[PDB]
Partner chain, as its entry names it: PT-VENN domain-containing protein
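Only one chain comes next, encoded as structure tokens, the form solved without its partner chain.
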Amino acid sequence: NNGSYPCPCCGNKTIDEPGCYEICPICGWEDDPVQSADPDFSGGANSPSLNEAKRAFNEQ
């Protein structure tokens, strides 16, 4: 669905409240506040870090 905040990974506005573990229906990123705080931290709610996930999404 449309939301009001950008997904940290894909940038599409699918998020209602940042840092509340919403899962993006476009790219699959789970909005874990740890992983937006540290974009190089792997193994949070998502296996990839945010930076890893961003690159993976873009290369599709």
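Residue numbers count along the first chain shown, from 1.
The same protein also has a form solved in complex with its partner chain, omitted here; what follows describes it.
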Practice problem: Please run the contact check for residue 10 against its partner chain in the deposited complex: heavy atoms, 4.5 angstroms, yes or no? | Solution: no
Quiz item: Can you check whether residue 51 is within 4.5 Å of its partner chain in the deposited complex, heavy atom basis?
Solution: no
Exercise. Taking its partner chain as it sits in the deposited complex, which residues of 24-60 have a non-hydrogen atom within 4.5 Å of it? Please list them.
Key: 28, 30, 32, 33, 34, 38, 41, 42, 43, 44, 45, 46, 47
